file my_file10.cif (mmCIF, C-alpha atoms and all ligand atoms)
data_work
#
loop_
_atom_site.label_atom_id
_atom_site.label_comp_id
_atom_site.auth_asym_id
_atom_site.auth_seq_id
_atom_site.Cartn_x
_atom_site.Cartn_y
_atom_site.Cartn_z
CA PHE A 2 -5.90 -7.54 -25.29
CA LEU A 3 -4.10 -6.66 -22.06
CA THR A 4 -0.32 -6.49 -21.73
CA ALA A 5 1.20 -8.31 -18.76
CA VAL A 6 3.15 -6.39 -16.14
CA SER A 7 5.96 -8.97 -16.42
CA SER A 8 6.40 -8.21 -20.16
CA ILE A 9 8.79 -5.34 -19.30
CA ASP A 10 11.72 -5.32 -16.88
CA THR A 11 10.62 -2.49 -14.57
CA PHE A 12 8.65 -4.57 -12.06
CA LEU A 13 10.43 -7.92 -12.25
CA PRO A 14 12.47 -7.39 -9.05
CA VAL A 15 9.37 -6.76 -6.94
CA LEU A 16 7.29 -9.44 -8.67
CA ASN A 17 10.10 -11.87 -7.72
CA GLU A 18 9.36 -10.87 -4.08
CA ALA A 19 5.56 -10.77 -4.07
CA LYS A 20 2.37 -12.72 -4.43
CA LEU A 21 -0.85 -11.08 -5.64
CA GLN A 22 -4.08 -11.18 -3.65
CA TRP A 23 -7.19 -10.64 -5.76
CA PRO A 24 -10.08 -10.02 -5.19
CA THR A 25 -9.63 -10.88 -1.49
CA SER A 26 -6.78 -11.76 0.87
CA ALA A 27 -7.40 -15.51 0.65
CA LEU A 28 -7.32 -15.75 -3.19
CA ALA A 29 -3.75 -15.42 -4.40
CA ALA A 30 -1.42 -15.89 -7.36
CA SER A 31 2.18 -16.80 -6.62
CA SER A 32 5.34 -14.91 -7.50
CA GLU A 33 6.08 -17.58 -10.09
CA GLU A 34 2.68 -16.95 -11.70
CA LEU A 35 3.27 -13.18 -11.73
CA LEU A 36 6.67 -13.62 -13.36
CA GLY A 37 5.05 -16.07 -15.80
CA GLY A 38 2.78 -13.46 -17.34
CA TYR A 39 -0.23 -13.20 -15.01
CA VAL A 40 -2.58 -10.58 -16.44
CA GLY A 41 -6.19 -9.48 -16.17
CA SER A 42 -8.26 -6.32 -15.97
CA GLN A 43 -7.38 -6.24 -12.26
CA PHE A 44 -3.60 -6.17 -12.90
CA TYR A 45 -2.07 -5.16 -16.23
CA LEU A 46 0.51 -2.89 -17.83
CA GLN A 47 -1.15 0.42 -18.70
CA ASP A 48 0.30 2.75 -21.36
CA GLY A 49 3.40 0.58 -21.58
CA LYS A 50 4.72 1.60 -18.18
CA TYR A 51 2.22 1.41 -15.30
CA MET A 52 1.53 -1.60 -13.12
CA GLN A 53 -2.18 -0.82 -12.75
CA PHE A 54 -4.42 -2.29 -10.05
CA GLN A 55 -8.23 -2.17 -10.24
CA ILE A 56 -10.78 -3.43 -7.71
CA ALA A 57 -14.42 -2.85 -6.77
CA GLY A 58 -16.32 -3.83 -3.63
CA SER A 59 -16.09 -3.19 0.10
CA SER A 60 -12.73 -4.32 1.51
CA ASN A 61 -11.79 -6.11 -1.70
CA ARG A 62 -8.25 -5.76 -2.97
CA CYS A 63 -5.82 -6.28 -5.78
CA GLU A 64 -2.62 -6.10 -3.80
CA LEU A 65 0.94 -7.41 -3.78
CA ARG A 66 2.09 -9.09 -0.55
CA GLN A 67 5.82 -9.21 0.22
CA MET A 68 7.47 -12.63 -0.11
CA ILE A 69 10.96 -13.94 0.41
CA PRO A 70 12.67 -13.51 -2.99
CA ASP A 71 13.25 -16.25 -5.55
CA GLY A 72 10.24 -18.48 -4.91
CA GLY A 73 10.43 -18.08 -1.15
CA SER A 74 7.62 -18.27 1.35
CA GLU A 75 5.79 -15.45 3.14
CA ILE A 76 8.12 -12.96 4.76
CA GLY A 77 7.78 -11.82 8.34
CA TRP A 78 10.08 -9.17 9.79
CA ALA A 79 10.07 -7.00 12.91
CA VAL A 80 10.29 -3.26 13.44
CA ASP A 81 13.02 -3.90 16.02
CA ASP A 82 15.10 -6.57 14.25
CA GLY A 83 17.95 -4.12 13.52
CA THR A 84 17.49 -4.27 9.74
CA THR A 85 16.19 -1.26 7.82
CA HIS A 86 13.05 -2.23 5.92
CA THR A 87 12.39 0.08 2.99
CA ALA A 88 9.60 0.28 0.44
CA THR A 89 9.79 2.73 -2.44
CA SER A 90 7.26 3.54 -5.12
CA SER A 91 6.18 6.02 -7.74
CA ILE A 92 2.40 6.19 -8.03
CA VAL A 93 -0.07 7.96 -10.30
CA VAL A 94 -3.40 8.17 -8.50
CA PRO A 95 -5.96 9.04 -11.20
CA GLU A 96 -9.29 10.62 -10.37
CA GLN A 97 -11.31 8.09 -8.38
CA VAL A 98 -14.86 7.48 -9.54
CA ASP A 99 -17.92 8.27 -7.44
CA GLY A 100 -18.41 5.74 -4.69
CA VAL A 101 -14.69 5.23 -4.04
CA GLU A 102 -13.89 6.87 -0.69
CA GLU A 103 -10.52 5.51 0.48
CA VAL A 104 -7.95 3.36 -1.31
CA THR A 105 -5.01 1.90 0.57
CA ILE A 106 -2.01 1.90 -1.77
CA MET A 107 0.92 0.84 0.47
CA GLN A 108 0.97 -0.95 3.81
CA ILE A 109 2.99 -2.48 6.55
CA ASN A 110 0.77 -5.31 7.74
CA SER A 111 1.35 -8.17 10.14
CA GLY A 112 -0.33 -11.09 11.80
CA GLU A 113 -1.76 -8.74 14.43
CA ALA A 114 -2.92 -5.43 12.91
CA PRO A 115 -1.84 -2.99 10.16
CA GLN A 116 1.11 -1.00 11.46
CA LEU A 117 0.84 1.45 8.58
CA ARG A 118 -1.50 2.26 5.72
CA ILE A 119 -0.84 4.92 3.11
CA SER A 120 -4.17 5.68 1.47
CA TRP A 121 -5.88 8.05 -0.88
CA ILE A 122 -8.83 9.70 0.93
CA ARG A 123 -11.71 11.64 -0.65
CA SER A 124 -12.48 13.91 2.32
CA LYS A 125 -11.42 14.02 5.97
CA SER A 126 -10.81 16.42 8.83
CA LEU A 127 -7.53 15.85 10.69
CA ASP A 128 -6.74 17.77 13.88
CA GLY A 129 -9.29 20.46 13.04
CA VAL A 130 -8.25 20.92 9.39
CA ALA A 131 -10.33 19.70 6.45
CA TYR A 132 -8.47 18.02 3.59
CA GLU A 133 -9.78 16.70 0.28
CA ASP A 134 -8.50 14.35 -2.42
CA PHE A 135 -5.30 13.62 -0.56
CA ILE A 136 -2.79 11.00 0.57
CA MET A 137 -2.81 10.07 4.26
CA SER A 138 -0.81 7.85 6.57
CA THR A 139 -2.52 5.84 9.30
CA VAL A 140 -0.19 4.35 11.92
CA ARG A 141 -1.46 2.05 14.66
CA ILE A 142 -0.13 2.68 18.17
CA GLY A 143 -2.48 0.15 19.80
CA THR A 144 -4.91 -2.65 19.01
CA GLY A 145 -8.17 -0.89 19.91
CA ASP A 146 -10.73 0.66 17.60
CA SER A 147 -11.02 4.22 18.92
CA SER A 148 -9.12 7.13 17.39
CA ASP A 149 -6.54 7.07 20.20
CA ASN A 150 -5.15 3.87 18.65
CA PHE A 151 -4.07 5.67 15.47
CA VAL A 152 -1.89 8.52 14.27
CA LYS A 153 -3.22 9.95 11.02
CA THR A 154 -1.24 12.46 8.98
CA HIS A 155 -1.91 14.45 5.82
CA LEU A 156 1.03 13.61 3.56
CA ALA A 157 0.21 15.44 0.32
CA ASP A 158 -2.73 16.44 -1.82
CA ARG A 159 -3.18 14.12 -4.79
CA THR A 160 -1.13 15.30 -7.76
CA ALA A 161 -1.70 15.03 -11.48
CA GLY A 162 1.74 13.49 -11.97
CA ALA A 163 3.56 10.57 -10.41
CA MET A 164 4.21 10.88 -6.70
CA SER A 165 7.18 9.15 -5.08
CA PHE A 166 7.02 7.40 -1.72
CA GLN A 167 9.63 5.97 0.58
CA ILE A 168 8.76 4.10 3.77
CA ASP A 169 11.71 3.38 6.08
CA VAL A 170 11.49 1.30 9.27
CA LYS A 171 14.56 1.03 11.48
CA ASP A 172 14.94 0.51 15.23
CA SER A 173 11.21 0.78 15.95
CA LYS A 174 10.91 4.12 14.12
CA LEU A 175 9.09 5.05 10.90
CA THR A 176 9.98 7.73 8.37
CA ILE A 177 7.84 8.55 5.34
CA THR A 178 9.11 10.66 2.43
CA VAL A 179 6.80 11.89 -0.35
CA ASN A 180 8.23 13.47 -3.52
CA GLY A 181 11.56 13.63 -1.72
CA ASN A 182 10.15 15.59 1.25
CA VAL A 183 10.00 14.11 4.72
CA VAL A 184 6.40 14.11 5.93
CA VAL A 185 6.81 11.82 8.99
CA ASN A 186 10.09 11.42 10.88
CA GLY A 187 10.76 9.06 13.76
CA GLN A 188 7.20 7.92 14.37
CA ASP A 189 7.27 5.37 17.17
CA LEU A 190 6.51 1.74 16.31
CA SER A 191 7.68 0.29 19.64
CA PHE A 192 4.19 -1.02 20.46
CA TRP A 193 4.99 -3.58 17.76
CA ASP A 194 8.38 -4.58 19.18
CA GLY A 195 8.67 -8.35 18.97
CA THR A 196 5.96 -8.70 16.29
CA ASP A 197 7.97 -10.81 13.83
CA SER A 198 5.21 -11.11 11.21
CA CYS A 199 5.40 -7.71 9.49
CA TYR A 200 5.50 -7.36 5.73
CA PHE A 201 4.99 -4.77 3.02
CA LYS A 202 2.00 -4.58 0.68
CA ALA A 203 1.13 -2.32 -2.23
CA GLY A 204 -1.64 -2.02 -4.80
CA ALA A 205 -5.30 -1.13 -4.28
CA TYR A 206 -7.33 -2.05 -1.20
CA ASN A 207 -10.78 -0.48 -1.33
CA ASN A 208 -11.95 0.81 2.06
CA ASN A 209 -15.53 1.84 2.91
CA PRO A 210 -16.86 2.56 -0.60
CA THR A 211 -20.39 3.90 -0.89
CA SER A 212 -21.03 1.81 -4.02
CA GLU A 213 -20.12 -1.86 -4.37
CA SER A 214 -19.60 -1.52 -8.14
CA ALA A 215 -17.31 1.53 -8.14
CA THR A 216 -13.83 0.47 -9.26
CA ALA A 217 -10.77 1.88 -7.52
CA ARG A 218 -7.79 2.28 -9.84
CA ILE A 219 -4.14 2.93 -8.95
CA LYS A 220 -1.11 3.10 -11.27
CA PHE A 221 2.45 2.26 -10.16
CA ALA A 222 5.38 3.52 -12.22
CA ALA A 223 7.83 1.88 -9.79
CA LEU A 224 7.72 -0.35 -6.73
CA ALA A 225 10.53 -1.95 -4.75
CA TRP A 226 11.05 -3.41 -1.32
CA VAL A 227 14.54 -3.89 0.09
CA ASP A 228 16.28 -4.67 3.36
CA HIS A 229 19.63 -3.31 4.52
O1 LIG B 1 -12.87 9.57 12.34
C1 LIG B 1 -12.01 8.79 11.84
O2 LIG B 1 -10.77 9.00 12.02
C2 LIG B 1 -12.46 7.63 11.03
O3 LIG B 1 -11.87 6.44 11.65
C3 LIG B 1 -12.81 5.28 11.65
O4 LIG B 1 -12.17 4.10 12.19
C4 LIG B 1 -11.24 3.66 11.21
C5 LIG B 1 -9.88 3.51 11.83
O5 LIG B 1 -9.41 4.81 12.28
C6 LIG B 1 -8.89 2.93 10.87
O6 LIG B 1 -8.72 3.81 9.74
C7 LIG B 1 -9.39 1.60 10.37
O7 LIG B 1 -8.51 1.06 9.37
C8 LIG B 1 -8.79 -0.20 8.89
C9 LIG B 1 -8.83 -0.17 7.41
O8 LIG B 1 -9.95 0.65 6.92
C10 LIG B 1 -8.94 -1.54 6.80
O9 LIG B 1 -10.24 -2.08 7.05
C11 LIG B 1 -7.89 -2.55 7.34
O10 LIG B 1 -6.72 -2.22 6.91
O11 LIG B 1 -7.94 -2.49 8.88
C12 LIG B 1 -7.70 -1.12 9.35
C13 LIG B 1 -7.53 -1.15 10.86
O12 LIG B 1 -8.36 -1.77 11.58
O13 LIG B 1 -6.54 -0.56 11.37
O14 LIG B 1 -10.76 1.71 9.77
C14 LIG B 1 -11.75 2.34 10.63
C15 LIG B 1 -12.94 2.59 9.75
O15 LIG B 1 -14.11 2.47 10.22
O16 LIG B 1 -12.76 2.94 8.55
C16 LIG B 1 -14.06 5.61 12.44
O17 LIG B 1 -13.68 5.94 13.80
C17 LIG B 1 -14.79 6.76 11.85
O18 LIG B 1 -15.32 7.58 12.93
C18 LIG B 1 -14.00 7.65 10.91
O19 LIG B 1 -14.35 7.32 9.57
#
call {"tool": "encode", "arguments": {"input": "my_file10.cif", "output": "structure tokens", "more": "lines below"}}
Ligand SMILES: O=C(O)[C@H]1O[C@@H](O[C@H]2[C@H](O)[C@H](O)[C@H](O[C@H]3[C@H](O)[C@H](O)[C@@H](O)O[C@@H]3C(=O)O)O[C@@H]2C(=O)O)[C@@H](O)[C@@H](O)[C@@H]1O
result
Amino acid sequence: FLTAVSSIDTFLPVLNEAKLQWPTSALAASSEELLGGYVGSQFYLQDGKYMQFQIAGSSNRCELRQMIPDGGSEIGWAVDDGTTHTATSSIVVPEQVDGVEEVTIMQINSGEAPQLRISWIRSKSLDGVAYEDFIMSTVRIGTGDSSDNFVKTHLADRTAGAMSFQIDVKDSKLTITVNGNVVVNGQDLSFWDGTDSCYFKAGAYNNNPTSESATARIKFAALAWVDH
């Protein structure tokens, strides 16, 4: 028997502003369904306190997608609309099983391309330095495929305990704070000026696994998205 995330109060504010995509982008459960006790092995309350996402398969996901609150439709905002768009979370990333290589855990996405992904990464060299078992940001500065279209940053090595995140977008600039420490300040997002389709996401999006059956697993102790 699995306990529903909505059975406690911690996640109700964000569930009231999200739909869940599982196991792919096109298969969704509404905010109303989440508030109404949606539960499954893919999305359940773990140890009485974690909103836990699980997903296997290349590019599959179990992921919340920001909605207008109170039964509203899909949100779309802009990096340059004057409002500060903020996502906060507290995440326990457990040890990922063999075959899981990268798990996107928070995003800014849009109708054009992902402006930002925060992901757990098994192993990667960045700017001549090798990192392992760590949390990375990937920011798009163009629409192409080559590395010049991205800015990738080591944020923090994965910790045993919960790790806090804050993503702030204001006036075409991005700041990321991890465990209270600024790890990106004032990253330019002006390429995306006028893109009015941006939205936050969070959960587990499984990128480039080496096994189709290996299940990514991510635990949220807190998640909120706000505007101000
Ligand atoms: O050497 C590197 O830096 C790696 O980057 C690879 O190309 C990446 C690309 O930089 C980026 O991470 C992209 O991200 C996509 C993501 O995985 C999801 O599929 C979805 O969110 O869309 C993202 C996007 O298009 O922005 O994925 C590719 C990738 O192949 O994983 C390669 O250049 C490779 O050399 C290397 O692993």
call {"tool": "closest_residue", "arguments": {"input": "my_file10.cif", "among": "A:49, A:195, A:14, A:129", "to": "residue 81 of chain A", "atoms": "only C-alpha atoms"}}
result
A:195
call {"tool": "residues_near_ligand", "arguments": {"input": "my_file10.cif", "ligand": "ligand LIG 1 (chain B)", "cutoff": "9 Å", "atoms": "all atoms listed in the file", "output": "number ranges by chain"}}
result
A: 60, 103-105, 108, 110, 114-118, 125-127, 139-141, 144-153, 206-209
call {"tool": "residues_around", "arguments": {"input": "my_file10.cif", "residues": "residue 132 of chain A", "least_positions_apart": "2", "cutoff": "10 Å", "atoms": "only C-alpha atoms", "output": "PyMOL selection string"}}
result
chain A and resi 122-127+129-130+134-137+155+157-158
call {"tool": "residues_around", "arguments": {"input": "my_file10.cif", "residues": "residue 69 of chain A", "least_positions_apart": "3", "cutoff": "12 Å", "atoms": "all atoms listed in the file", "output": "PyMOL selection string"}}
result
chain A and resi 14-20+31-32+66+72-78+200-201+226-228
call {"tool": "residues_around", "arguments": {"input": "my_file10.cif", "residues": "segment 163-180 of chain A", "least_positions_apart": "6", "cutoff": "10 Å", "atoms": "only C-alpha atoms", "output": "PyMOL selection string"}}
result
chain A and resi 79-95+107-109+117+119+136+138+140+156-157+186-195+201+220-229
call {"tool": "write_last_selection", "arguments": {"input": "my_file10.cif", "atoms": "C-alpha atoms", "output": "short mmCIF file (atom, residue, chain, number, x, y, z; two decimals), keeping the file's coordinate frame"}}
result
data_model
loop_
_atom_site.label_atom_id
_atom_site.label_comp_id
_atom_site.auth_asym_id
_atom_site.auth_seq_id
_atom_site.Cartn_x
_atom_site.Cartn_y
_atom_site.Cartn_z
CA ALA A 79 10.07 -7.00 12.91
CA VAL A 80 10.29 -3.26 13.44
CA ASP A 81 13.02 -3.90 16.02
CA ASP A 82 15.10 -6.57 14.25
CA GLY A 83 17.95 -4.12 13.52
CA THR A 84 17.49 -4.27 9.74
CA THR A 85 16.19 -1.26 7.82
CA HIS A 86 13.05 -2.23 5.92
CA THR A 87 12.39 0.08 2.99
CA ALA A 88 9.60 0.28 0.44
CA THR A 89 9.79 2.73 -2.44
CA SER A 90 7.26 3.54 -5.12
CA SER A 91 6.18 6.02 -7.74
CA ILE A 92 2.40 6.19 -8.03
CA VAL A 93 -0.07 7.96 -10.30
CA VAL A 94 -3.40 8.17 -8.50
CA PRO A 95 -5.96 9.04 -11.20
CA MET A 107 0.92 0.84 0.47
CA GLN A 108 0.97 -0.95 3.81
CA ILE A 109 2.99 -2.48 6.55
CA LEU A 117 0.84 1.45 8.58
CA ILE A 119 -0.84 4.92 3.11
CA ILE A 136 -2.79 11.00 0.57
CA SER A 138 -0.81 7.85 6.57
CA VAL A 140 -0.19 4.35 11.92
CA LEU A 156 1.03 13.61 3.56
CA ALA A 157 0.21 15.44 0.32
CA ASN A 186 10.09 11.42 10.88
CA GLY A 187 10.76 9.06 13.76
CA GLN A 188 7.20 7.92 14.37
CA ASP A 189 7.27 5.37 17.17
CA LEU A 190 6.51 1.74 16.31
CA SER A 191 7.68 0.29 19.64
CA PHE A 192 4.19 -1.02 20.46
CA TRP A 193 4.99 -3.58 17.76
CA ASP A 194 8.38 -4.58 19.18
CA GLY A 195 8.67 -8.35 18.97
CA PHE A 201 4.99 -4.77 3.02
CA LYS A 220 -1.11 3.10 -11.27
CA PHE A 221 2.45 2.26 -10.16
CA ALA A 222 5.38 3.52 -12.22
CA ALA A 223 7.83 1.88 -9.79
CA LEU A 224 7.72 -0.35 -6.73
CA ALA A 225 10.53 -1.95 -4.75
CA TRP A 226 11.05 -3.41 -1.32
CA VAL A 227 14.54 -3.89 0.09
CA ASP A 228 16.28 -4.67 3.36
CA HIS A 229 19.63 -3.31 4.52
#
call {"tool": "closest_residue", "arguments": {"input": "my_file10.cif", "among": "A:133, A:99, A:33, A:71", "to": "residue 213 of chain A", "atoms": "only C-alpha atoms"}}
result
A:99
call {"tool": "closest_residue", "arguments": {"input": "my_file10.cif", "among": "A:7, A:22, A:43, A:59", "to": "residue 102 of chain A", "atoms": "only C-alpha atoms"}}
result
A:59
call {"tool": "closest_residue", "arguments": {"input": "my_file10.cif", "among": "A:131, A:199, A:9, A:56", "to": "residue 113 of chain A", "atoms": "only C-alpha atoms"}}
result
A:199
call {"tool": "closest_residue", "arguments": {"input": "my_file10.cif", "among": "A:159, A:30, A:39, A:50", "to": "residue 10 of chain A", "atoms": "all atoms listed in the file"}}
result
A:50
call {"tool": "closest_residue", "arguments": {"input": "my_file10.cif", "among": "A:68, A:98, A:52, A:40", "to": "residue 214 of chain A", "atoms": "all atoms listed in the file"}}
result
A:98
call {"tool": "atom_distance", "arguments": {"input": "my_file10.cif", "atom1": "atom CA of residue 154 of chain A", "atom2": "atom CA of residue 183 of chain A"}}
result
12.1 Å
call {"tool": "atom_distance", "arguments": {"input": "my_file10.cif", "atom1": "atom CA of residue 142 of chain A", "atom2": "atom CA of residue 101 of chain A"}}
result
26.7 Å
call {"tool": "atom_distance", "arguments": {"input": "my_file10.cif", "atom1": "atom CA of residue 42 of chain A", "atom2": "atom CA of residue 28 of chain A"}}
result
15.9 Å
call {"tool": "decode", "arguments": {"input": "my_file10.cif", "residues": "segment 163-184 of chain A", "atoms": "N, CA, C and O atoms", "output": "CSV table (one decimal), in the first residue's frame"}}
result
chain,number,residue,atom,x,y,z
A,163,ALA,N,19.4,16.1,2.6
A,163,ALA,CA,18.6,17.0,1.7
A,163,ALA,C,19.4,18.2,1.3
A,163,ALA,O,20.2,18.8,2.0
A,164,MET,N,19.3,18.6,0.0
A,164,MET,CA,19.9,19.7,-0.6
A,164,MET,C,18.9,20.7,-1.1
A,164,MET,O,18.0,20.4,-1.8
A,165,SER,N,19.0,22.0,-0.6
A,165,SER,CA,18.1,23.0,-1.0
A,165,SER,C,18.5,23.7,-2.3
A,165,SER,O,19.7,23.8,-2.6
A,166,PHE,N,17.5,24.1,-3.1
A,166,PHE,CA,17.7,24.8,-4.4
A,166,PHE,C,16.8,26.0,-4.4
A,166,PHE,O,15.6,25.9,-4.0
A,167,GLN,N,17.3,27.1,-5.0
A,167,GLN,CA,16.4,28.2,-5.4
A,167,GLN,C,16.9,28.6,-6.8
A,167,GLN,O,18.1,28.9,-7.0
A,168,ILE,N,15.9,28.7,-7.6
A,168,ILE,CA,16.1,29.2,-9.0
A,168,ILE,C,15.3,30.6,-9.1
A,168,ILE,O,14.1,30.6,-8.8
A,169,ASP,N,16.0,31.7,-9.4
A,169,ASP,CA,15.4,33.0,-9.5
A,169,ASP,C,15.6,33.5,-10.9
A,169,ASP,O,16.8,33.6,-11.4
A,170,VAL,N,14.6,33.9,-11.6
A,170,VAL,CA,14.6,34.6,-12.9
A,170,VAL,C,14.0,35.9,-12.8
A,170,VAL,O,12.8,36.1,-12.4
A,171,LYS,N,14.8,37.0,-13.1
A,171,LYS,CA,14.3,38.3,-13.1
A,171,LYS,C,15.0,39.1,-14.1
A,171,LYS,O,16.3,39.0,-14.2
A,172,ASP,N,14.3,39.9,-15.0
A,172,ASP,CA,15.0,40.8,-15.9
A,172,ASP,C,16.0,40.1,-16.8
A,172,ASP,O,17.1,40.6,-16.9
A,173,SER,N,15.7,38.9,-17.3
A,173,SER,CA,16.5,38.2,-18.2
A,173,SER,C,17.8,37.7,-17.6
A,173,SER,O,18.8,37.5,-18.3
A,174,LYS,N,17.8,37.5,-16.3
A,174,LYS,CA,19.0,37.0,-15.6
A,174,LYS,C,18.6,35.9,-14.6
A,174,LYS,O,17.5,35.9,-14.0
A,175,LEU,N,19.5,34.9,-14.5
A,175,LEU,CA,19.2,33.7,-13.7
A,175,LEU,C,20.2,33.6,-12.5
A,175,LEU,O,21.4,33.8,-12.7
A,176,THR,N,19.7,33.4,-11.4
A,176,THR,CA,20.5,33.0,-10.2
A,176,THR,C,20.1,31.7,-9.7
A,176,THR,O,18.9,31.4,-9.6
A,177,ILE,N,21.1,30.9,-9.3
A,177,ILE,CA,20.9,29.6,-8.7
A,177,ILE,C,21.6,29.5,-7.4
A,177,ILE,O,22.8,29.9,-7.3
A,178,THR,N,20.9,29.1,-6.3
A,178,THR,CA,21.4,29.0,-5.0
A,178,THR,C,21.2,27.6,-4.5
A,178,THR,O,20.1,27.0,-4.7
A,179,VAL,N,22.3,26.9,-4.0
A,179,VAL,CA,22.3,25.6,-3.5
A,179,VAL,C,22.7,25.5,-2.1
A,179,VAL,O,23.8,26.0,-1.8
A,180,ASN,N,21.9,25.0,-1.2
A,180,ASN,CA,22.2,24.9,0.2
A,180,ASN,C,22.5,26.3,0.8
A,180,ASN,O,23.4,26.5,1.6
A,181,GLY,N,21.8,27.3,0.2
A,181,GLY,CA,22.0,28.7,0.7
A,181,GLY,C,23.2,29.4,0.0
A,181,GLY,O,23.3,30.6,0.3
A,182,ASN,N,24.0,28.8,-0.8
A,182,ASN,CA,25.2,29.3,-1.4
A,182,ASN,C,24.9,29.6,-2.9
A,182,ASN,O,24.4,28.8,-3.6
A,183,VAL,N,25.2,30.9,-3.3
A,183,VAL,CA,25.1,31.2,-4.7
A,183,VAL,C,26.1,30.4,-5.5
A,183,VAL,O,27.3,30.5,-5.3
A,184,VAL,N,25.6,29.7,-6.5
A,184,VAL,CA,26.5,29.0,-7.4
A,184,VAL,C,26.4,29.5,-8.9
A,184,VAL,O,27.3,29.1,-9.7
